[PDB]
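Chains as they are written, first to last, in the deposited numbering: chain L, 1 to 27, 27A to 27D, 28 to 109; chain B, 1 to 27, 27A to 27D, 28 to 110; chain C, 2 to 118; chain D, 2 to 119; chain A, 0 to 52, 52A to 52C, 53 to 109; chain H, 1 to 52, 52A to 52C, 53 to 108.
Beta carbons are placed, not taken as given, at the ideal position from N, Cα and C, and that holds for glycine.
See structure below.
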Amino acid sequence: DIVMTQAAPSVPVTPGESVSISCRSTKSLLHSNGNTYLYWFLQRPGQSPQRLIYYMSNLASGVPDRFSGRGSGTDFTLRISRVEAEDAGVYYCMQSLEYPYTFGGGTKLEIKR
Amino acid sequence: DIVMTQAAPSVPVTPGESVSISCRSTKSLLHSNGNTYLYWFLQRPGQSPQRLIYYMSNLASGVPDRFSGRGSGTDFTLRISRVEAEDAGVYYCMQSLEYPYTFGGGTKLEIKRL
Amino acid sequence: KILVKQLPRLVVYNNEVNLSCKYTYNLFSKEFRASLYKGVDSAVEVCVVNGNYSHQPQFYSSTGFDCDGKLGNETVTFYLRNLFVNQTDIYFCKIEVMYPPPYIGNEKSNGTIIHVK
Amino acid sequence: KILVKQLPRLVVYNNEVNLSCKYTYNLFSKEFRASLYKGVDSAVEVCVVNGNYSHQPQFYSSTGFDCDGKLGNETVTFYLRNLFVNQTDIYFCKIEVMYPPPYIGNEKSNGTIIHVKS
Amino acid sequence: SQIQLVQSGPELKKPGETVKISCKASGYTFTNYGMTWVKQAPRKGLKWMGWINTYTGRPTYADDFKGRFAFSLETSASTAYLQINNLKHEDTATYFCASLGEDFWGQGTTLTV
Amino acid sequence: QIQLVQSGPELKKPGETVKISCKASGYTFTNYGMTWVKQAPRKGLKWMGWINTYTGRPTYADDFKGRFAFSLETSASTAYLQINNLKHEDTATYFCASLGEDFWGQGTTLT
Ligand SMILES: *[C@@H]1O[C@H](CO[C@@H]2O[C@@H](C)[C@@H](O)[C@@H](O)[C@@H]2O)[C@@H](O[C@@H]2O[C@H](CO)[C@@H](O)[C@H](O)[C@H]2NC(C)=O)[C@H](O)[C@H]1NC(C)=O
Ligand SMILES: *[C@@H]1O[C@H](CO[C@@H]2O[C@@H](C)[C@@H](O)[C@@H](O)[C@@H]2O)[C@@H](O[C@@H]2O[C@H](CO)[C@@H](O)[C@H](O)[C@H]2NC(C)=O)[C@H](O)[C@H]1NC(C)=O
Ligand SMILES: *[C@@H]1O[C@H](CO)[C@@H](O[C@@H]2O[C@H](CO)[C@@H](O)[C@H](O)[C@H]2NC(C)=O)[C@H](O)[C@H]1NC(C)=O
Ligand SMILES: *[C@@H]1O[C@H](CO)[C@@H](O)[C@H](O)[C@H]1NC(C)=O
Ligand SMILES: *[C@@H]1O[C@H](CO)[C@@H](O)[C@H](O)[C@H]1NC(C)=O
Ligand SMILES: *[C@@H]1O[C@H](CO)[C@@H](O)[C@H](O)[C@H]1NC(C)=O
Ligand SMILES: *[C@@H]1O[C@H](CO)[C@@H](O)[C@H](O)[C@H]1NC(C)=O
Ligand SMILES: *[C@H]1O[C@H](CO)[C@@H](O)[C@H](O)[C@H]1NC(C)=O
């Protein structure tokens, strides 16, 4: 019964331009644990998607400091600090608190000559 | 309700004569404890009674080695090894396993100018 | 120390139990103090029995339980009556022996889960 | 060692409980084995969660309990479902930490009386 | 200071009245050990009435002694009491307090009616 | 290197079974779970569920539960997704993924 909503289906930025990507939530994803149960993903096109941040603030291995995930407890944002062309793709948030798990809508991040 | 029974209301000994005094029981007075729950008592006349053996086999303080408590767990005997004139009196067995506790009938141990 | 052994769970519909704590130590003519506690914490004494093992010393409960008991060479059997379902937890048998020295307690029991139903 | 703290008694009506074991140790970026045992003896492992905290390792039960769970910096919450009245006993939260060394475990918890009723 | 139980004096009481008989405990700890009461009619033998729990107070009575007989303690003054009520000639006997494993007994306290 | 690798592409017409393999390599397999994820062609990602590699038990997402079959040969480190009575809707790429959603498969495109 839990519904993630990226409200920015596509977002054009140019390089160097820092951009931040939102994803809101029905319920709070905070837990007694102290952790907050949200992933962020990047599906570069063709490629299988790729974990970026986990437990909101925490960023996975082989990922640039550029990326950072900041979060209320129902609203969350994914700051990208200075946009390299490689960073372009669709970005998916996804909650992992209760079943069933629920992916966001995507937000395509297009790069602008 | 346990019923204790000394089958020997009075018993005349002469001194040196060893005697042994029976006290049988309804239930068995042995326990998972390993202990077996009999007191034996001696009320010399006028005197209050005095504990002599406790937990069948064991004998209390200030009591002669003459006195011995032997027992099958529902039948029991108090051997008195060589009768000193002092030791004359009524002897009471008393079970202490289940409430209510219950005394024997007594056995008067009479002592006799041979 | 003295090592205690208790049955690992007693389960109760009588609302009454008989719970013997077998020691490795002969309490025969020793002045001692045997106790039993409710709690994972072990912070409620349910019975004390203490005195010399010579003169059969009386069990009792400050903490408010109907509690008799019978002591034997190596065993201490508690008897709890009138127990509630509110009161199913763990119980820990525990001795201190005072005289004759040296003075020693027991290495902590596993406990029993008394389960009252 | 590291000390564990569990609530001292749970009483369950659902047949279904959740039982977090708060540690004094951030299991962050640590390879470990978290565990939960029934018994005064402590000789039945109800649930094991085992692996690198970095990736989110699954809880499971050889012993035969319906058992999920969720790991967090210094709590570890076990979720047991379908428990039976006849399964009231003590349960003990227990943690081994493999890497990075040096390797350590839990000083034994007071446990919890899980009391399943009805 | 040997252990030593010590009891009230002789009684000459006529039917249908109260009496308490005291037993004062000395030399030994006291609330650690239980306290029995024991009737002895004159030419008959010994009978166990019951005991009081010196810590808890709770008395247990032998069945025949059920009603009209009552035990009680002044616990800080180390003294116990039998009290017999609505007295009947039946009730003439010497009456023994005893404790410490039935190892220590009283003087005896002779009631007549 | 930890790495998942899935079965190859599928051209399957309506009313047929299909199993899709996902074989896991480089890590202790049963220590981590295993989720499956649909991706319709122009649309995005949808969580199907996961299986406990140790226990076996699968949990299925709402829409998917029924006609879908997760299952494991654990000794050979591999996970299976089977889809039955298949319907045109079910044309997607299909990703096995585990290790905390950190490692994803190459994907597996059904029609
Ligand atoms: C979970 O724990 C980590 C703690 O990481 C480090 O580990 C210990 C030395 C600990 O005592 C901390 O001081 C260290 O930070 C947290 O990770 C950090 O969180 C802060 C958030 O402001 C930030 O620096 C980074 O996200 C993390 N820093 C590092 C060095 O990793 C994490 O936030 C904790 N999760 C919570 C509290 O929910
Ligand atoms: C309870 O034990 C006593 C005697 O125990 C003694 O001291 C202990 C430390 C033990 O390990 C041994 O040293 C002793 O046995 C038992 O009574 C004695 O029985 C033995 C015969 O084997 C012998 O010592 C004496 O005849 C008895 N009395 C005494 C004072 O020693 C007694 O039988 C035990 N209780 C039960 C119910 O069996
Ligand atoms: C676990 O139980 C232990 C005893 O085995 C508890 O330790 C006692 O704690 C209290 C309260 O802080 C102290 O007054 C005592 O000094 C401690 N020791 C004893 C022997 O009582 C401890 O509180 C329990 N821990 C938790 C988290 O419940
Ligand atoms: C439940 O336990 C509490 C704890 O003392 C007690 O006060 C309460 O009366 C109990 N309820 C019943 C019905 O015994
Ligand atoms: C008590 O529990 C311990 C675990 O700490 C176990 O090794 C031992 O076998 C148990 N002993 C008994 C008598 O139950
Ligand atoms: C307890 O035992 C010791 C020595 O055995 C003794 O000093 C003390 O008097 C005994 N206590 C009682 C109440 O008899
Ligand atoms: C867990 O972490 C260690 C290093 O921190 C790593 O080498 C290893 O690959 C992981 N263990 C596995 C995957 O079994
Ligand atoms: C205990 O109770 C439950 C519920 O009735 C029952 O299913 C179970 O089989 C019983 N005991 C065991 C050991 O399974």
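**Q.** Reduced DSSP secondary structure (H/G/I, E/B, other) of D:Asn-19
**A.** Of the three classes helix, strand and coil, the one that applies to D:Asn-19 here is strand, per DSSP.
Q. Cβ of C:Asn-87 versus every heavy atom of ligand 4: is any distance shorter than 7 angstroms?
A. Remark: the C-beta of C:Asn-87 is in contact range of ligand 4, defined as less than 7 angstroms to any heavy atom.
Q | Top-ranked residue by Cα proximity to C:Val-86, from C:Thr-64, C:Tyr-26, C:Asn-16 | A | The shortest C-alpha separation from C:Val-86 is found at C:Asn-16.
Q) Three or more beta-carbon pairs under 8 angstroms between the segment 71-87 of chain C and the segment 81-89 of chain B, yes or no? A) Verdict: no, contact absent.
Q: Output, in chain order, the set of chain H residues within a Cβ distance shorter than 8 angstroms of D:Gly-52.
A: Here the neighbours are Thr-28, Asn-31, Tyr-32.
Q. What's the gap between the Cα of D:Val-49 and the Cα of H:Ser-74?
A. A direct Cα-to-Cα measurement between D:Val-49 and H:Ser-74 gives close to 20 angstroms.
Q | For A:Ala-94, the three-state DSSP class (helix, strand or coil) | A | Here A:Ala-94 sits in strand by DSSP.
Q. Taking three-plus beta-carbon pairs below 8 angstroms as touching, is the segment 25-42 of chain H in contact with the segment 82-90 of chain H?
A. At 8 angstroms Cβ cutoff, the stretches touch.
Q) Since L:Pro-12 is in the beta strand (DSSP E), which residue starts that stretch and which ends it? A) 10-13 is the extent of the beta strand (DSSP E) around L:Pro-12.
Q: With D:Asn-51 as the anchor, note down where its beta strand (DSSP E) starts and where it stops.
A: Residues 45-53.
(Q) According to DSSP, H:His-85 sits in a beta bridge with which residue or residues? (A) Paired residues: none, contrary to the question.
Q: Compare the C-beta of C:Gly-73 against all C-beta atoms of chain D and say whether one is closer than 8 angstroms.
A: False, the Cβ-Cβ gap to chain D never drops below 8 angstroms.
Q) At a cut-off of 7 angstroms, is H:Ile-2 close to ligand 7 when judged by its beta-carbon and the heavy atoms of the ligand? A) It does: the Cβ of H:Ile-2 is within 7 angstroms (strictly closer) of some heavy atom of ligand 7.
Q. Nearest to D:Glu-97 by CA position, among D:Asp-42, D:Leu-28, D:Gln-7, is which residue?
A. For the residues D:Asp-42, D:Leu-28, D:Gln-7, the minimum Cα distance to D:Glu-97 belongs to D:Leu-28.
Q. Going by C-alpha distance, which of D:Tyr-14, D:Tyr-24, D:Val-18, D:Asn-19 is nearest D:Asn-111?
A. Measuring from the Cα of D:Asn-111, the nearest candidate turns out to be D:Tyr-24.
Q: Could you please give the first and the last residue of the uninterrupted beta strand (DSSP E) stretch that includes B:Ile-49?
A: Element bounds for B:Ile-49: 46-50.
Q: May I ask which residues mark the beginning and end of the beta strand (DSSP E) holding C:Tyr-80?
A: In the DSSP assignment, C:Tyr-80 falls within the beta strand (DSSP E) that extends over 76-82.
Q) Between H:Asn-81 and chain D, is there a C-beta pair that is closer than 8 angstroms? A) Not closer than 8 angstroms to any Cβ of chain D, the Cβ of H:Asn-81 fails to qualify, so no.
Q: Can you tell me the Cβ-Cβ gap for C:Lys-31 and C:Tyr-54, rounded? I've got them flagged as a contact below 8 angstroms.
A: Correct: roughly 5 angstroms between the Cβ atoms.
(Q) Suppose you measure from the CA of L:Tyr-33 to the CA of L:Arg-62; what does that come to, to the nearest Å? (A) Between L:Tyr-33 and L:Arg-62, the C-alpha separation is close to 21 angstroms.
Q: Kindly provide the chain-ordered list of residues whose Cβ lies closer than 5 angstroms to any non-hydrogen atom of ligand 1.
A: In chain order, the qualifying residues are L:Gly-30, L:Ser-53, D:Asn-27, D:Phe-29, D:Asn-74.
Q. What's the gap between the Cα of C:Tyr-104 and the Cα of A:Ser-21?
A. Answer to the nearest angstrom: the Cα atoms are 37 angstroms apart.
Q.
In whole angstroms, give me the CA-to-CA distance for D:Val-12 and B:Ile-49.
A. When rounded, the distance between both Cα atoms is 50 angstroms.
Q: Could you tell me if the beta carbon of C:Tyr-100 falls within a distance shorter than 7 angstroms of some heavy atom in ligand 2?
A: The answer is no for C:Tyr-100.
Q: Take every Cβ of the segment 59-79 of chain B, pair it with every Cβ of the segment 91-109 of chain L, and state whether three or more of those distances are shorter than 8 angstroms.
A: The segment 59-79 of chain B vs the segment 91-109 of chain L: no contact.
Q) Among H:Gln-79, H:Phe-67, H:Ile-2, H:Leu-45, which one has its Cα closest to the Cα of H:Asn-31? A) Ranking the options by Cα distance to H:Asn-31, first place goes to H:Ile-2.
Q: Could you check if A:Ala-58 is buried or exposed, using at least 16 other CB atoms within 10 Å of its CB as the buried criterion?
A: Answer is buried; the Cβ neighbour count reaches 16.
Q: Could you tell me which chain C residues have their CB closer than 9 angstroms to the CB of D:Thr-64, listed as they occur along the chain?
A: Residues of chain C passing the Cβ test: none, with the nearest at roughly 17 angstroms.
(Q) When you compare the CB of L:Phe-72 with every CB in chain H, is at least one pair closer than 8 angstroms? (A) Answer no: the Cβ-Cβ gap between L:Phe-72 and chain H never drops below 8 angstroms.
Q: Compute the minimum distance between the beta carbon of H:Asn-82 and the heavy atoms of ligand 7, and state whether it is under 7 angstroms.
A: No.
Q | Contact under 8 angstroms by Cβ, L:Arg-47 with H:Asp-99 | A | Yes, they are a contact pair.
Q. Closer than 8 angstroms, CB to CB, is B:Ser-28 near chain C or not?
A. Chain C, which has a Cβ nearer than 8 angstroms to the Cβ of B:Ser-28, makes this yes.
Q. Which class does H:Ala-76 belong to by DSSP, given the choice of helix, strand or coil?
A. Under the three-state reduction of DSSP, H:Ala-76 is assigned to strand.
Q.
Against H:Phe-92, what residues of chain L qualify as contacts under a CB-to-CB distance less than 9 angstroms, listed in chain order?
A. In chain order: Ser-44, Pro-45.
Q) What separation, rounded to the nearest whole angstrom, lies between the Cα atoms of L:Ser-25 and C:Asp-90? A) If I take the Cα positions, the gap works out to 42 angstroms.
Q) Would L:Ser-53 pass as a contact of D:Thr-76 if the rule is Cβ separation under 8 angstroms? A) No. Outside cutoff.
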